[PDB]
Amino acid sequence: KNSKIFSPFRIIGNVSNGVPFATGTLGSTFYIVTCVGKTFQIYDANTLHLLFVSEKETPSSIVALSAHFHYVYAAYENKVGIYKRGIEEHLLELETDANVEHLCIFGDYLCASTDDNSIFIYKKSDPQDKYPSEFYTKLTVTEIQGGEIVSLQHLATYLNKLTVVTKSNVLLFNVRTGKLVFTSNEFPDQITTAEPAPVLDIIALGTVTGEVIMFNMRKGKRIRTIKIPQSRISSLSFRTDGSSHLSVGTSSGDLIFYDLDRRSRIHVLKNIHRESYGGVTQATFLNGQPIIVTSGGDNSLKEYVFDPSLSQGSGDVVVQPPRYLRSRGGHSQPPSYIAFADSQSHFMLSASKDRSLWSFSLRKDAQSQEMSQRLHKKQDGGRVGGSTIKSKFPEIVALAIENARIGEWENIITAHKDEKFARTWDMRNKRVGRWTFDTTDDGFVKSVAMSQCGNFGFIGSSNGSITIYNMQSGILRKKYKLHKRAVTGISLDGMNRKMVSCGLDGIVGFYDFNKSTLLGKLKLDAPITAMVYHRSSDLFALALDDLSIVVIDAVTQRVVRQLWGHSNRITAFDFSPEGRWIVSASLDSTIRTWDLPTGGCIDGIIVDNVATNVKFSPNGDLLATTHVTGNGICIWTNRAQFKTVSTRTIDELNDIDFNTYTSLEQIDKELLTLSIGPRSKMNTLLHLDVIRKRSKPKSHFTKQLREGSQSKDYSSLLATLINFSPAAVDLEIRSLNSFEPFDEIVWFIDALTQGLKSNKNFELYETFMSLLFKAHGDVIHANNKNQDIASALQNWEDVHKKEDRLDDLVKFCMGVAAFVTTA
Amino acid sequence: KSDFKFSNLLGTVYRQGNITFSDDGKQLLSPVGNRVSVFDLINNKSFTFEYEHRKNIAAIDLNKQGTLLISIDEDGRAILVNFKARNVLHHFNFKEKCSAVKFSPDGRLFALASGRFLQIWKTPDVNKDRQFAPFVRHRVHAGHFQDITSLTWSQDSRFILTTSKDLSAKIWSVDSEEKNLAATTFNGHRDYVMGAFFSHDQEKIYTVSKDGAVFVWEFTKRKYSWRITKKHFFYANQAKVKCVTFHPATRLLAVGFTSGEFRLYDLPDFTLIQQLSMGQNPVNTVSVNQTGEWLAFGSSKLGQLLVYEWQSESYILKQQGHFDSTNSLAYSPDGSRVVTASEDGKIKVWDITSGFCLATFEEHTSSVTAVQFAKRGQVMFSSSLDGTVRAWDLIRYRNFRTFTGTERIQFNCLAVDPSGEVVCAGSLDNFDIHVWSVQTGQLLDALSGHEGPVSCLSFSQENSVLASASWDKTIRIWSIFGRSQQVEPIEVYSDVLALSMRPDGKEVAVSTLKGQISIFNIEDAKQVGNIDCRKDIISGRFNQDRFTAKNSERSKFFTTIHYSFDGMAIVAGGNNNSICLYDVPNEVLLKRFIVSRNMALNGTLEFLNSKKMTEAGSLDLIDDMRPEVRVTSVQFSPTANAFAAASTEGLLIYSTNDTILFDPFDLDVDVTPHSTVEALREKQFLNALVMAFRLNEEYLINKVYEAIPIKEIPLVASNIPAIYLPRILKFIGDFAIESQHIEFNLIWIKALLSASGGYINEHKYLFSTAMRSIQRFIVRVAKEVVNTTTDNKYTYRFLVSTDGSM
Amino acid sequence: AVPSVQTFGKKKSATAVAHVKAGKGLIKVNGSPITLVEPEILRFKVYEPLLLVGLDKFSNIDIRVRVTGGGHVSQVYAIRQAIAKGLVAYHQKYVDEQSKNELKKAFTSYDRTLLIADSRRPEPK
Amino acid sequence: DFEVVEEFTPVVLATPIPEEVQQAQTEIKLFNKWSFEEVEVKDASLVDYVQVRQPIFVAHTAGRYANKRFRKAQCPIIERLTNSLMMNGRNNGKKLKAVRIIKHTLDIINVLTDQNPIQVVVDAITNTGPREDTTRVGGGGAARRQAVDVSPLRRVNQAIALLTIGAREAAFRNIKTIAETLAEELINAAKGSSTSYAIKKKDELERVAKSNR
Amino acid sequence: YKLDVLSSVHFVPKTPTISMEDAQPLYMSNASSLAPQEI
RNA sequence: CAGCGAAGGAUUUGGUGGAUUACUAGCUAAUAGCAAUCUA
């Protein structure tokens with residue numbers, strides 16, 4: 019479903035999926051376009067950084083992509099998208115319902131092929147524009163002519179020809195007249211790969227038995243055959259820097275380098291990619307380069323360089339074996355548990371079902387690196403246990419970071435699957451910590467937490483004991499024993515005063531440190547499977563097993579909120595870092611947001627895969643969720659930080706909705722009210738003569821005034837008068853054109869009288885009166901007892917007399933405030 | 002309570018880049034540091050953006066809708082920001098040193114000038130969501146030979162006119178289908194052309210060289247193409263042109279030179295209108311408002327800016343700051359104005375409501391070491407290395423006393439009796455504490471007892487005992503007054519810096535040199551406890567040092583601490599880039615701020631980049675020194691939770707906005723903002739008030755507070771319970787200081803501290819920061835309003851009751 | 003080689019040196035056991051560093067203390083100061099710094115004359 | 013119910029400590045025999061002027077309680093008593109002898125009247141401290157006085173002085189030692205039985221204060 | 446200036473109508489800031 | 001001496017590769033050509 023709080027952003031930590039990649043050249047550079055599920059990615063090949071991604075996803079998954087110079091041709095369910103710089107520039111809808119399988123690009127004619135041996139070829143409208151945009155024709159290979167298709171390409175120096183590679187036969191085409199030209203001979207077994215050679219007009223094609231035939235299509239023959247025992251071949255390539263080297267890639271994770279000038283195996287490579295995820299999906303030489311780019315299905319891309327020979331005289335006979343060069347990987351199975359390392363939302367930690375731990379970096383995606391399982395040696399004489407072979411660790415269940423004493427001693431703690439102890443790690447220098455924190459009651463570790471002062475670690479075992487440890491020696495401090503079944507959540511406060519235990523028995527135990535007694539016990543009426551403490555605001559939210567999210571504040575031990583509304587087990591929460599929201603994902607494939615003040619459900623995203631883990635960033639900008647499937651980790655951007663959002667309980702006044710509140714103009718007319726805005730308008734109006742005299746270097817209004825005079829109300833005049841600049845106010849009010857009658861002066865004094873009659877903006881009306889008095893009060897004192905201006909001043913003071921309660925109030929309040937702050 | 006977001010940066014009103022007004026003439030964007038400040042002119046306010054750059058920024062622009070700005074630093078790490086939400090949107094790395102960026106008048110295309118290439122990109126949207134790669138490149142043009150210097154558009158978004166340190170200045174059409182309309186190149190200047198401008202109609206093209214020449218290109222005849251019609255000139259002799267701008271519609275040129283001078287002309291007539299200077303250092307950037315009334319001039323080296331209204335010559339704001347000389351800090355005892363004492367020897371006086379100075383004091387010759395306030399707001403003392411502790415009245419804004427020693431020794435710390443009768447100063451080279459009477463300027467005495475220099479001083483605010491701390495590893499307590507003159511020493515482990523005693527005057531926090539901070543009750547000599555503050559202050563490895571940041575011991579200690587005003591939390595800052603704050607009962611860190619994340623300052627990074635290291639010497643010690679990061683003195687404000695810290699980039703000021711937090715107080719299942727709004731609409735006002743306080747949502751406090759009517763404010767202010775008085779008193783303070791319902795607020799305060807005055811009287815330190823904001827509010831808006839209304843009353847009474855006609 | 007730490011402790015003229023190393027829990031003053039320390043009425047003044055914080059912190063270290071100079075009460079204050087700050091320095095270096103400032107909090111809450119001697123006296127009134 | 017396990021191997025160290033000492037590590041008692049808690053100043057107005065909230069082991073703390081004004085009203089009452097007990101011209105300086113004889117004293121105080129001797133000596137102080145006196149004002153150099161009241165520091169100090177010098181004067185030329193003489197003086201003062209020297213002098217001084225009031 | 450910049454630890458940075477005098481004292485729009493004794 | 005302890009344990013040190021700033025592709029005469037060539 020569409021959302022209204024979180025928008026999805028990117029699936030980070032994901033490199034390849036198993037689709038054969040493509041490569042492209044630009045000048046003397048090389049870029050690798052790999053597929054990741056639905057979007058693709060464009061790395062470069064020199065430093066292997068990321069360069070581009072698709073700006074938005076595909077409808078289906080991408081089945082096949084290729085690349086010319088600037089443009090990337092992606093291919094999914096029915097279409098082929100011509101892309102530039104990761105932005106889609108042209109869709110091409112195919113004239114069928116059949117799913118596309120392969121494609122090739124050459125010259126003008128693009129050529130894609132569906133899953134029923136039907137080949138749509140397309141042509142550029144102008145032999146000068148950038149990409150094939152216009153449908154040319156539709157060839158169709160029938161089952162008489164060969165088997166069902168497995169590749170197609172235009173090998174070089176062929177005048178508008180093409181080569182379709184089936185499962186039983188090779189067959190050319192002349193794509194201008196739509197004609198077949200040369201069917202090849204019969205081939206006695208299924209072939210699965212065909213890549214062209216940089217020599218003239220031959221193509222190497224490998225079968226399901228481990229042989230490589232080298233078909234010469236101009237001759238129509240085969241030239242040689244490389245036989246290999248029972249290897250399901252997957253990907254061929256050739257090396258083009260002069261020294262001829264063929265390179266086969268076997269789906270048993272093998273990479274064999276054959277010489278061709280003397281038919282010899284140069285070097286084998288075993289278990290380069292994992293077997294079960296497809297083996298070597300695609301491996302190629304960069305042309306004119308002695309390096310190899312391999313990619314498996316196990317979320318890994320590698321580069322293997324060929325060194326120069328050590329025999330300066332012999333040369334091509336003695337070939338140095340391939341080194342290992344740059345590589346980019348993620349873990350190859352969906353990630354189990356997910357944390358955020360720093361407050362800056364820069365590093366995040368994953369631990370996956372394939373038992374590896376990675377530190378992804380969501381800032382720049384070449385900084386992501388695996389944490390390393392190399393044990394610090396016991397410097398008291400002991401020998402490292404475990405096994406002799408260095409297998410990876412058991413599966414990670416829970417973990418806890420506190421970047422407060424980072425790298426100074428051990429930093430993060432982890433909690434493995436069904437093993438009796440809980441080893442610790444370090445995040446700054448990125449390897450396994452010295453110590454293994456143990457439960458001392460044979461129960462497996464189920465909860466781990468640590469103090470935010472970075473000293474104390476906390477192990478919560480399946481037999482209810484909570485052992486606490488120190489993390490700069492690895493020794494035990496005290497063993498809290500309250501529960502009688504599996505403790506599921508530990509936390510401690512910010513200031514280390516009270517800690518909170520949270521069992522499967524429903525007991526939530528409020529202990530305090532520094533006096534090891536407990537001081538509170540709560541019993542909830544369900545088993546409890548998770549606890550997230552918000553260390554800022556002292557609430558903590560608990561899962562239950564009647565599907566509640568019970569929020570308890572730790573001070574007065576009340577159950578302060580109870581969020582109802584889920585349908586299956588809630589797998590994860592996180593507090594928003596302000597503490598306003600709980601984001602919780604659950605096994606009904608949903609991820610809901612709870613506004614915990616109102617106790618309401620703001621929005622629920624119906625996510626297609628069940629999100630296992632949900633984590634907010636230290637700063638409220640990123641929500642990282644990890645699902646049941648997918649090797650990556652999907653990070654989500656909340657639009658609530660850029661615009662304010664509603665608060666409204668959905669199921670499949703506006704100020705208290707949008708959480709805000711404007712201040713009303715005045716409460717009633719009985720109350721005074723200053724002007725809205727700056728409180729320096731008063732001082733600038735009272736002093737703007739000396740302000741400009743110190744800052745020097747060494815009518816429409818009268819129209820409105822007589823309008824409001826004859827209509828006998830000046831509210832429109834005052835609405836004009838209040839809100840313009842002090843310089844213009846004084847320059848206007850200084851000249852008021854009053855020689856004999858002073859009607860304008862009586863109108864103005866009656867206007868201020870009507871203004872401060874309302875009890876509003878009365879600081880401004882006072883300083884306007886004082887501005888007039890400094891301006892031309894001399895004429896008022898001169899022809900004082902003029903009947904009109906004396907009447908205006910008389911009823912002006914008669915309305916001014918009501919504003920003595922203000923100085924009575926403030927001279928009360930100032931005196932009694934000084935008295936209660938001193939004595 | 003302790004979630005201090007970065008609120009403002011006082012000091013350093015401009016340092017490096019280009020000033021820019023908004024669309025509406027309301028806000029001025031100034032490239033202060035690695036951040037951007039925004040000065041709101043009419044609503045006399047300011048803020049600084051929370052985001053930071055990795056070096057000093059060098060280009061600002063926001064679109065004419067005022068919605069999003071981008072800012073580019075010295076290597077092109079462009080950062081764009083929702084201006085109306087103050088959050089970052091996307092980071093970007095243009096690969097080379099940019100010089101100027103300009104959004105279009107349309108605001109859909111922005112083009113910038115990185116090096117010699119110019120490049121047009123199209124902008125993202127505030128309404129479309131945060132994409133991964135939001136910048137779509139429109140085109141890139143390479144018609145120049147040296148670095149571009151400036152850039153402009155037409156009034157519509159069709160042509161774009163660029164100018165370079167290459168002697169030519171060229172023009173470009175933004176689409177590929179107006180190439181015949183403008184493709185040419187304007188040669189003819191002697192030196193760097195840095196001005197290129199369309200007229201109000203696009204037919205005249207004014208170009209401005211560096212040596213003061215102005216050509217007027219016009220598309221006229223001897245088909246016919248851009249004949250120069252006139253070579254006007256400037257003739258400032260040693261003043262080549264530094265910065266040019268030109269308002270098109272009012273036809274106003276404005277030029278700042280090398281000589282620290284500017285002139286503004288009416289250009290199509292070429293009439294000199296104003297010619298005047300701001301100092302002996304060049305006007306680095308002019309910019310002009312869209313309505314032409316205002317101009318803005320930034321001079322970098324003295325760090326000053328000036329917005330000038332040229333129609334009526336009235337200066338809207340003129341300001342000057344410092345850099346890396348911010349040697350101490352003080353607040354006024356009402357937390358309204360700040361005093362910055364700076365090492366060139368001058369006492370700036372800022373205020374917090376605005377962002378501007380209001381008074382310097384250029385009196386001292388050498389540095390000013392420390393300041394503090396005394397005697398009921400309006401005296402502050404300043405202590406120098408001139409040999410001078412001099413007083414300052416802060417009402418007449420003048421000096422009135424200057425105490426010296428007898429031999430001109432440099433002073434280093436000072437304190438003053440809260441009953442402002444004695445002033446004490448301590449030096450580096452005399453081992454004594456000099457005491458001066460202040461009502462008579464003579465030297466009272468010199469009291470001794472140490473044998474190292476006295477690092478810090480203080481006076482107890484209640485019982486007037488003095489606490490000094492010196493490098494004898496020793497703190498010493500003097501009772502001076504009352505016939506005794508009794509000393510008492512207390513030993514500590516290492517030598518001492520940074521004493522700061524609690525507002526109760528009952529105990530003392532000292533910051534020793536081993537990375538620890540102790541607390542001593544002063545009725546006894548007994549230590550209450552200490553915080554090991556060493557292993558939690560990240561000290562950056564410098565550029566030139568040959569040891570790690572771990573084994574480094576430059577700043578593994580603090581050099582200025584301060585208490586909070588309830589006596590519950592010590593903020594501390596040192597010669598490192600961390601300012602921490604601890605809470606003394608539980609004795610634990612509760613937050614650590616980093617002060618700067620740019621490598622332009624020296625000691626920021628604890629882990630330097632390895633690629634800059636060579637065979638010999640790092641690649642940043644090769645000159646073509676670098677200033678350290680320090681926080682010299684830190685104080686909590688009196689009337690806020692906010693606190694200030696004077697670092698090398700001026701005052702950082704962090705603050706709480708309890709708006710964005712859920713910080714409740716013992717609520718339960720029933721109490722809900724919907725429940726308080728229904729309790730208010732069924733009008734049980736006391737219950738709705740405490741029902742809002744338990745939520746602790748300040749907009750519910752605002753709503754219930756305003757919707758309570760006047761006739762029972764004594765009744766609810768009587769019935770409000772005891773444990774909510776600090777919250778309601780401080781709420782009334784910090785809302786009433788900028789509110790408008792003055793009689794409503796004063797009715798509320800009168801009701802509150804009439805019904806419950808005695809409880810405050812026996813819990814003074816519970817409400818010390820509470821009812822200081824109230825008194826700030828009283829004596830800084832309400833007493834002024836009463837002053838002018840009494841002046842109107844008396845001027846009316848005089849102008850009626852007296853007569854005269856001659 | 004073996005982890006050790008040497009601290010001092012001074013009353014008026016008595017001086018106590020303390021070699022604390024990793025061991026089995028023996029506390030010796032000039033080879034004599036800690037129980038056989040005269041003048042027998044300030045044996046608890048000697049005991050209180052190892053009694054305030056519990057012997058479990060003394061289970062893994064062993065302490066040897068040399069004393070010179072001073073009279074009886076000066077020697078027992080020197081012994082207890084040397085024992086105390088030797089334990090504190092051992093926990094500062096070789097084990098938990100959290101236990102270090104726990105011990106420092108305990109000793110300073112009881113009396114800091116058990117950690118820092120009050121040297122610089124007298125006063126010329 | 014609930015437990016807290018801090019120790020995980022019992023105390024078996026190489027120098028074998030006495031069992032009563034490693035039993036005293038759980039809680040501090042004076043002389044390893046008398047717990048300072050459940051001891052209250054029964055009077056008000058001397059609470060926080062007789063220090064009993066801070067337990068000690070022996071009565072020989074070497075703190076500095078004479079440099080400031082009132083900080084001799086914070087060193088604990090037992091060694092306040094023994095420091096006043098050391099004062100006479102024959103036996104200055106001998107505070108180890110003073111400590112051991114008040115050890116024997118309060119030991120036999122317990123074995124006679126068993127509540128705890130620190131409670132006995134605390135309410136002995138509260139019952140012995142005088143509540144008024146006079147001052148010999150001039151009045152022309154006549155027989156002239158006027159009753160005033162006594163601040164509690166002077167009350168506590170004069171009570172301690174009266175008890176100690178009463179024990180000395182009653183043990184001057186008798187068979188009893190100063191130990192048991194102070195014991196019986198403290199017991200009579202704890203009952204307020206109007207028999208001991210300090211309670212007699214207290215009632216006499218308040219009598220002449222009431223008379224010349 | 447030059448001798449005390451090399452004797453220190455922390456870094457030290459170093471006709472028309474008017475130079476505009478941006479560092480002004482006395483300014484809260486004050487004209488008669490004199491004391492009445494001084495008048 | 002002990003124990004720890006899955007077909008070895010524990011150290012010294014070189015080289016390469018990845019980070020150490022926030023990931024929009026190369027070149028040129030740049031609204032285009034190149035990437036096999038800017039020449040007629």
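Chains as they are written, first to last, in PDB author numbering: chain BE, 19 to 670, 702 to 747, 815 to 939; chain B1, 2 to 223, 245 to 646, 675 to 856; chain SR, 3 to 127; chain SG, 13 to 225; chain 5E, 446 to 459, 471 to 495. Beta carbons: idealized from backbone N, C-alpha and C, even for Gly.
Neighbourhood of residue i by C-beta distance below 6 angstroms, restricted to the same chain and skipping five residues each side
{"i": "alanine 437 (chain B1)", "result": "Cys446, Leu479, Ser480, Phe481"}
{"i": "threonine 667 (chain BE)", "result": "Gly618, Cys619"}
{"i": "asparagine 429 (chain BE)", "result": "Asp444, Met445"}
Burial state of residue i (16 or more Cβ within 10 Å)
{"i": "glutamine 170 (chain SG)", "result": "buried"}
{"i": "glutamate 793 (chain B1)", "result": "buried"}
Neighbour list for residue i in chain BE, Cβ cutoff strictly below 7 angstroms
{"i": "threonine 471 (chain 5E)", "result": "What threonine 471 (chain 5E) touches in chain BE: nothing, since even the nearest Cβ is about 12 angstroms away."}
{"i": "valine 17 (chain SG)", "result": "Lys496, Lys497, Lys499"}
{"i": "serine 489 (chain 5E)", "result": "Within chain BE, no residue comes near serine 489 (chain 5E); the closest Cβ sits about 11 angstroms away, beyond 7 angstroms."}
Alpha carbon of residue i to alpha carbon of residue j, nearest angstrom
{"i": "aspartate 720 (chain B1)", "j": "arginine 553 (chain BE)", "result": "24 angstroms"}
{"i": "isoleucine 246 (chain BE)", "j": "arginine 563 (chain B1)", "result": "58 angstroms"}
{"i": "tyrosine 483 (chain 5E)", "j": "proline 355 (chain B1)", "result": "20 angstroms"}
Partner residues on chain SG for residue i, Cβ-Cβ distance less than 7 angstroms
{"i": "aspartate 841 (chain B1)", "result": "By Cβ distance, chain SG contributes nothing, its closest Cβ being about 54 angstroms from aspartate 841 (chain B1), past 7 angstroms."}
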